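These notes are about the structure you will find just below.
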There are 2 protein chains.
Amino acid sequence: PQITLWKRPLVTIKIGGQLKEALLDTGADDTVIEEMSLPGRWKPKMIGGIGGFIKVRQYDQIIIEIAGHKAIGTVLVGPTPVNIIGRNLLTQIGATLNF
Amino acid sequence: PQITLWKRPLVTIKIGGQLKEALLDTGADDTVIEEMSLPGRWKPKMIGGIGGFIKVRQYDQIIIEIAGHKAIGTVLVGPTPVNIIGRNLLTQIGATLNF
Ligand SMILES: CC(=O)N[C@@H](Cc1c[nH]c2ccccc12)C(=O)N[C@H](C(=O)N[C@@H](Cc1ccccc1)[C@H](O)[C@@H](O)[C@@H]1CCCN1C(=O)[C@@H](NC(=O)[C@H](Cc1c[nH]c2ccccc12)NC(C)=O)C(C)C)C(C)C
Ligand SMILES: [Cl-]
Ligand code: NA
């Protein structure tokens with residue numbers, strides 16, 4: 001699609017068999033989702049944002065669909081205020097910013 | 001332009017007579033710039049995200065030139081680690097996400 005920005009760029013994602021809403025976020029290096037169960041081992045990661053840093057769980061090679069596009073990559077799980085699809089997965093679905 | 005997302009979408013902006021680097025951020029509702037002087041009255045605001053909230057000053061009807069494209073709107077000023085161009089100005093320069 002071509003997604004304009006008058007509204008939040010919220011799309012449906014599918015992860016773990018579950019549909020969720022997430023923000024397509026070009027300001028995010030990484031993809032961060034609210035607490036949920038994911039398979040396998042995780043590794044620690046610290047991410048920084050507007051209010052400081054937080055610890056998240058990093059899961060690699062997670063199958064996730066983003067607005068109907070399949071991706072397989074790293075998903076961080078933690079106390080994010082909103083599910084965020086970052087550039088690691090935006091690149092996998094071929095997204096660009098255009099003006 | 002068409003901006004791929006392999007790297008952070010950082011661009012040069014001009015605001016308040018000053019050149020700065022800022023992140024084109026589709027996930028941001030608002031535009032937030034590091035501490036600087038701007039004209040007019042302001043009001044305080046708390047903005048949230050990863051790591052919690054920071055207090056900022058809200059200035060209205062500010063012009064920012066974003067990679068050569070002028071936009072006017074509300075600009076927040078405060079202790080952001082990264083200058084952020086949010087949707088309120090991305091819309092004005094006709095930015096879209098495409099995939
Ligand atoms: C690996 C890593 O940590 N990378 C960082 C980037 C980075 C590199 N060096 C650093 C050094 C220090 C700090 C950060 C970095 C990274 O990618 N961070 C991401 C991140 O937080 N990105 C921000 C942009 C940003 C980048 C860098 C510094 C600060 C901020 C997101 O792109 C950005 O889109 C996030 C997610 C959604 C909204 N939002 C924000 O931070 C914005 N908040 C908003 O737009 C909120 C949204 C909202 C509505 N209702 C709410 C209720 C609760 C909480 C939030 C909300 N609105 C308002 C009005 O507050 C503010 C910029 C205004 C996370 C998600 C991985
Ligand atoms: Cl439009
Ligand atoms: Na599906």
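Below, all heavy atoms of this structure are taken into account, side chains as well, without hydrogens, waters or symmetry copies. Lettering follows sequence order; numbering is per chain, from 1.
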Would a hydrophobic clustering, with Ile, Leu, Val, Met, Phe, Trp and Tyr connected at side-chain separations under 4.5 Å, put [X] with [Y]?
{"X": "A/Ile85", "Y": "B/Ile3", "value": "yes"}
{"X": "B/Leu90", "Y": "A/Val82", "value": "no"}
{"X": "A/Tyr59", "Y": "A/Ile66", "value": "yes"}

Could you grab the distance from atom [atom1] of [X] to atom [atom2] of [Y], nearest 0.5 Å is fine?
{"X": "A/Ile47", "Y": "A/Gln58", "atom1": "CD1", "atom2": "CD", "answer": "10.5 Å"}
{"X": "A/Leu23", "Y": "B/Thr26", "atom1": "CG", "atom2": "OG1", "answer": "6.5 Å"}
{"X": "B/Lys45", "Y": "B/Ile54", "atom1": "NZ", "atom2": "CD1", "answer": "11.5 Å"}
{"X": "B/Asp25", "Y": "B/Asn83", "atom1": "CG", "atom2": "CG", "answer": "11.5 Å"}
{"X": "B/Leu38", "Y": "B/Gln18", "atom1": "CG", "atom2": "CD", "answer": "8.0 Å"}
{"X": "A/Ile50", "Y": "B/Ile84", "atom1": "CD1", "atom2": "CD1", "answer": "6.5 Å"}

Which heavy-atom pair separates [X] from [Y] by the least distance, and what is that distance?
{"X": "A/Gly49", "Y": "B/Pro81", "answer": "O-CG, 3.7 Å"}
{"X": "A/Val56", "Y": "A/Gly78", "answer": "CG1-CA, 4.1 Å"}
{"X": "B/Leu97", "Y": "A/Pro9", "answer": "CD1-CB, 4.4 Å"}

I'd like to know whether CD1 of A/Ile63 has more than 12 heavy-atom contacts from other residues, nucleotides or ligands below 6.0 angstrom.
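No - once you tally the heavy atoms of other residues, nucleotides and ligands closer than 6.0 Å, there are 12 at most.
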For atom CD of A/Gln61, is the number of surrounding heavy atoms from other residues, nucleotides or ligands below 6.0 Å larger than 12?
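No.
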What's the verdict on side-chain hydrogen bond (donor to acceptor under 3.5 Å, both in side chains) for A/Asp60 and A/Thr74, showing C-alpha distance, side-chain angles and the deciding distance?
CA-CA 4 Å; A/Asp60 296 324; A/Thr74 297; 2.8 Å; yes
Name all residues meeting the salt bridge (charged side-chain N to carboxylate O under 4.0 Å, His left out) criterion together with B/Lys55; count only those two or more places apart in sequence or in a different chain, and write none if there are none.
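Listed in chain order: nothing, the list is empty.
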Could you tell me whether the side chain of [X] and the main chain of [Y] form a donor-acceptor pair under 3.5 Å?
{"X": "A/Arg87", "Y": "A/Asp29", "result": "no"}
{"X": "B/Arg57", "Y": "B/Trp42", "result": "no"}
{"X": "B/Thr80", "Y": "B/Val32", "result": "no"}

What do the steps show when you test A/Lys20 against A/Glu34 for salt bridge (charged side-chain N to carboxylate O under 4.0 Å, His left out), and what is the final call?
CA-CA 10 Å; A/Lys20 297 175 175 282; A/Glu34 291 174 339; 5.3 Å; no
Compute whether any side-chain donor of one residue and acceptor of the other, for B/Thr31 and B/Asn88, lie under 3.5 angstrom apart.
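A donor-acceptor contact under 3.5 Å links the two side chains.
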Decide yes or no on side chain to side chain contact (heavy atoms under 4.5 Å, CB included) for A/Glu35 and A/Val77, but give the supporting numbers first.
CA-CA 6 Å; A/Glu35 287 289 348; A/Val77 181; 3.7 Å; yes
Give the C-alpha distance, both sets of side-chain angles, the deciding distance and a yes or no for side-chain hydrogen bond (donor to acceptor under 3.5 Å, both in side chains) between B/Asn98 and A/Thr96.
CA-CA 5 Å; B/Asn98 296 77; A/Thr96 56; 5.0 Å; no
Check the pair B/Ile64 / B/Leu89 against side chain to side chain contact (heavy atoms under 4.5 Å, CB included), numbers first and verdict last.
CA-CA 8 Å; B/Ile64 303 184; B/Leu89 300 180; 3.5 Å; yes
What residues form a side chain to side chain donor-acceptor pair (under 3.5 Å) with A/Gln92, not counting sequence neighbours?
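Residues passing side chain to side chain donor-acceptor pair (under 3.5 Å) with A/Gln92: none at all.
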Side chain to side chain contact (heavy atoms under 4.5 Å, CB included) between B/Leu19 and B/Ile13, intermediate numbers included:
CA-CA 6 Å; B/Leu19 295 166; B/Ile13 67 169; over 6 Å; no
Check whether any side-chain heavy atom of B/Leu10 sits under 4.5 Å from a side-chain heavy atom of B/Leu24, and report yes or no.
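Of all side-chain heavy-atom pairs linking B/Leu24 with B/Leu10, none is under 4.5 Å.
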Starting from the C-alpha separation in whole Å, work towards a yes-or-no answer on side chain to side chain contact (heavy atoms under 4.5 Å, CB included) for B/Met36 and B/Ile15.
CA-CA 9 Å; B/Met36 71 178 290; B/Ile15 177 171; 3.9 Å; yes
